[PDB]
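Read the structure below first, then the notes.
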Amino acid sequence: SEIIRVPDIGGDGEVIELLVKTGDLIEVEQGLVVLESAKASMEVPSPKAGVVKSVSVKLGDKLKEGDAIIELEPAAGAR
């Protein structure tokens, strides 16, 4: 699995709402979270089609770029 931290926003990223859960399988397109900026709010979908494994963040919490956000587990066959 790979950890997905905050991308390059150019400022601080405050979590507004969370439309995901643990064990939920996302897709390459569906949104994932809604962070707000100092001049515009941006959303971040799932960067990989996997199943949420653990949430290292919360709703309303603040995070600075470079900080880990969540850990998706893209079962690449494994079996």
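Residues that are touching a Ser or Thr at 6+ places or on another chain (Cβ under 8 Å) and surrounded by 13 or more Cβ atoms within 10 Å (Cβ to Cβ) number at least 1 in the following strands (runs of 3 or more DSSP E) confined to the chain: 12-18, 31-36, 51-55, 68-73.
Residues in region 1-41 that are more than 14 Å from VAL57 (Cα to Cα) and among the hydroxyl-bearing types (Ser, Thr, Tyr): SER1, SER37, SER41.
Rule-based calculations on the coordinates, nothing more; no lab input. Because the Cβ atoms are built from the backbone with ideal geometry, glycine has one as well, and the counts that use them run over all protein chains shown.
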